[PDB]
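Convention: sequence-line order gives letters A, B, ...; per-chain numbering from 1.
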There are 2 protein chains.
Amino acid sequence: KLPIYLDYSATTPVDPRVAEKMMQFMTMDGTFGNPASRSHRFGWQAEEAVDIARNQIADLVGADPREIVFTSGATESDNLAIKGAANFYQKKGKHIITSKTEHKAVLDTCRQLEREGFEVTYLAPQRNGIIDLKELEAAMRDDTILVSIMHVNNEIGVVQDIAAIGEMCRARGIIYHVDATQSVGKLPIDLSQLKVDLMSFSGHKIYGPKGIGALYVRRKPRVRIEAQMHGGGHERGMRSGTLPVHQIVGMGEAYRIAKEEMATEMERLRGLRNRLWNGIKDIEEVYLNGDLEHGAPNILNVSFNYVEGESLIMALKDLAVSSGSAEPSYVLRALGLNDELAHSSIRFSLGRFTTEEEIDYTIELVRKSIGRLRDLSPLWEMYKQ
Amino acid sequence: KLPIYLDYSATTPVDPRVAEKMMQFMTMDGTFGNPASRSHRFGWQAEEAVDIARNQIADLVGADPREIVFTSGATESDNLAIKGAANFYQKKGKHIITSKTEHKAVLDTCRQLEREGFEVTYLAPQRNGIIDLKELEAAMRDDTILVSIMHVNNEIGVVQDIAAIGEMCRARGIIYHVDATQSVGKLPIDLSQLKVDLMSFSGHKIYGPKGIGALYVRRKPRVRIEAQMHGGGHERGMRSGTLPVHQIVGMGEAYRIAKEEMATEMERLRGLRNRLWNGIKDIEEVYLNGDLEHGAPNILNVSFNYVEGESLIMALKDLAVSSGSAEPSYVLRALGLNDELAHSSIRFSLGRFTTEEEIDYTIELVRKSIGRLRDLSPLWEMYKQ
Ligand SMILES: *Cc1c(COP(=O)(O)O)cnc(C)c1O
Ligand SMILES: *Cc1c(COP(=O)(O)O)cnc(C)c1O
């Protein structure tokens, strides 16, 4: 029992196998060396471990290891890719197009670039979170140098057609960046086919450790960015600093694991997700945010009408979930939900350790909770005539 | 025996206690929560651990927890403090003063600011590595907004009078940043007294894990910087991104340990360092780069004259050390050493697990190895008339 964790999108637990691998690269009896120490064995062994992990990450997304730049997380990756490309190609233009539902790491980076003189078009998504590709194309100009649209949304799990957006960008000579923190290891990614130029990844959203991530930077056709972190020109000049070996080994192991169990795990999560939805879609006034069909298999975001969101989370004390509110979720607001519905919205994000028992328990707890509140709810009183 | 590790300045092993604390914040059965998840217990517990570590770090350096900003390492801390303060106060001036012997994270950051329109004065150190404060003083102008001089040099261990430098800066209203990555936990630091406004710290140089660090940002008199990492306004708007709890717990425990054992360990290292130098200082043409009495108690950088540096490292294969070459060390070159002598220089850095047994073995190996090299050395032949 205990507080059931259904907030995997916020962060996931490190896989035991990842944890045990990481432990081998920390203490004095392990490979604790600095890979930058080129004159001795401690460094050589550390460097080898990094290369193995860099290849493991690359294998998952069908990339060349040299295209993988290590960062401290997907936030830095997002900052590096957008600020990096925006600054590098600014002579070609200063227009950037993105989406209003992007993660803050993308939105706040674009806001900073706006104060630096760049122009940013924040596209509004359709009611279901999907970006109208026609509007995207209409927004593109001769001075547009970059587009950033995420693969899977962290709040509602909607999936964008990154392959198609990439096509549109390559044809116009526009750099395309994808924040794939919520899709890597869940949805198939093959950059040998995909026309994406920059792609952000993280470790802790796929059972790896927090504080590590990577940025895919296409080698062919060659894409370039200005490093945002200086001090040695590490990572082929794109990101300076000491390589956190144990963190890097953990991310690699996490990505090796994902490649192998992805197919079976995702089909499993999709089943638990539908199970959850089927068990509550019948509740009087409930709305699903996104698309329980093409969206991510592990995310379920639903709004419960005629209930004070302020007390919803308290009602669901037995569940560790999220509402998105910081002010209500800006993603839900971008979808068109009013402040009240947005507040009384819950995101259920499933993971590797979620079971049917938990789901059925959750289904029950939700129906009952929504039932009680609605009884002693002045708002619901209003609904029923 | 095996390759004796005398490269503690490049990186240190994670202390066993640090490693065991970290392991409790990774897997499903431990505190794996995202501290940013404010609606449930997994988040709350993680937040508590972070706050505990933030205090442990602040206590070592005499700061307030609120002045500690978490970063991915000292490289990022250096980037954040300098780019952050430069951009924030640019309307008051764009002149920055630093030292030619600073770590690359400071130098390459200053180089980037230069192409962005900032003016940087790189002061040359004295023969012994000390910055002549009168020269620093003469370089300060009314439009000088920032100074960055490190506490302990990573290559030669020389110590700068940061207290006096801080006084000079505060009196002129200049922001003073100190890269204290090699001094924290080794030399006493009390920010409640020290007139330093920004200070960089790392974890893996003081037996903590790689990939984690912090930036001290003075609260009173209030100092401010522009964030370089966007996405949520975390760390009081100064550094966005997920807080890597297991990493932060580790740095905290590492700083807790350093506060407790600093006095006893530093005296021990000073003894071993002195033991090493005494055993080789009598070798024909050997020179100590830095200062034997005031320099850091764990770093010994020596040059061996009239000997090809190319064979030096190999000859000392039984030791894991560094020559600081990339091209010879730029620090040594800044001290006035010719390219050849700089190349034939070795940096010995000691730590928590170094023993007198290792030092004595090192002494013998150095003497014998240097004698053998000089036996067949064309350079030595020239010298011997
Ligand atoms: C979590 C997340 C990020 C930020 O990840 P980092 O590793 O945590 O800092 C960025 N984008 C998306 C879509 C995310 O879910
Ligand atoms: C190692 C070091 C740095 C960089 O440290 P990070 O944790 O490794 O990236 C900066 N300054 C000094 C003086 C150092 O010794």
**Prompt:** What heavy-atom pair brings B/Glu155 and B/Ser329 nearest, and what distance separates the two atoms?
**Reply:** OE1-OG, 2.5 Å

**Asked** At a heavy-atom separation under 4.5 Å, does A/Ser202 approach chain B through its side chain, its backbone, both, or neither?
**Response** neither

**Contacting moiety of B/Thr27, where chain A heavy atoms sit under 4.5 Å** = both

**Prompt:** Going through the checks in order, is the side chain to side chain contact (heavy atoms under 4.5 Å, CB included) test met by B/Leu6 and B/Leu319?
**Reply:** CA-CA 7 Å; B/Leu6 296 179; B/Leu319 313 169; 4.1 Å; yes

**Request:** Sort out for me which of A/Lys210, A/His230, A/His204 touches chain B most, counting heavy-atom pairs under 4.5 Å.
**Result:** A/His230

**Closest heavy-atom pair and its distance - A/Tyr207, A/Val18** = O-CG2, 3.8 Å

**Request:** Run the numbers on A/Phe201 and A/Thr181 for side chain to side chain contact (heavy atoms under 4.5 Å, CB included), then give the verdict.
**Result:** CA-CA 5 Å; A/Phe201 311 128; A/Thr181 310; over 6 Å; no

**Request:** Carefully, step by step, assess A/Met22 and B/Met23 under the rule side chain to side chain contact (heavy atoms under 4.5 Å, CB included).
**Result:** CA-CA 10 Å; A/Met22 289 178 64; B/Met23 268 44 118; over 6 Å; no

**Request:** Report yes or no: do A/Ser344 and A/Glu308 form a side-chain donor-acceptor pair below 3.5 Å?
**Result:** no

**Asked** What pairs with A/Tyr8 under ring pair (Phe, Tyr, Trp, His ring centres under 6.0 Å), at least two apart in sequence or on another chain?
**Response** A/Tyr5

**Request:** State plainly whether the residues A/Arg115 and B/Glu226 are in salt-bridge range, i.e. N to O under 4.0 Å.
**Result:** no

**Item:** Distance-only side-chain donor-acceptor flag, A/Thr31 / A/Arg41, under 3.5 Å
**Value:** no

**Message:** What part of B/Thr12 gets within 4.5 angstrom of chain A, counting heavy atoms only: side chain, backbone, both, or neither?
**Reply:** backbone

**Fill in**
If you tally heavy-atom pairs under 4.5 Å between each of A/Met28, A/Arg352, A/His103 and chain B, the highest tally belongs to A/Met28

**Message:** Just by distance, no angles: are the side chains of A/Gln45 and A/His40 close enough, under 3.5 Å, to form a donor-acceptor pair?
**Reply:** no

**Fill in**
Note: vs chain A, highest number of non-hydrogen pairs under 4.5 angstrom among B/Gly233, B/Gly33, B/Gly213 is B/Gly33

**Asked** Is chain B contacted by the side chain of A/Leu243, its backbone, both, or neither, given a heavy-atom distance below 4.5 Å?
**Response** backbone

**Message:** Can you confirm whether or not the ring centre of B/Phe32 sits under 6.0 Å from the ring centre of B/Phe25?
**Reply:** no

**Prompt:** Under the salt bridge (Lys or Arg N to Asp or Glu O under 4.0 Å) criterion, do B/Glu235 and B/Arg54 qualify, and how do the steps go?
**Reply:** CA-CA 11 Å; B/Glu235 291 302 82; B/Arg54 197 188 293 284; 3.0 Å; yes

**Request:** Considering only heavy atoms, give the residues of residues 74-84 of chain B separated from chain A by less than 4.5 Å, sorted numerically, with 'none' for an empty result.
**Result:** B/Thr75, B/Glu76, B/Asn79, B/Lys83

**Prompt:** Hey, which residues of residues 104-114 of chain A are touching chain B, say heavy atoms under 4.5 Å apart?
**Reply:** A/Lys104, A/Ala105, A/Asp108, A/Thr109, A/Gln112

**Item:** Which portion of A/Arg239 sits near chain B, non-hydrogen atoms under 4.5 angstrom
**Value:** side chain

**Prompt:** Sequence neighbours excluded, which residues qualify as side-chain hydrogen bond (donor to acceptor under 3.5 Å, both in side chains) partners of A/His177?
**Reply:** A/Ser148, A/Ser200

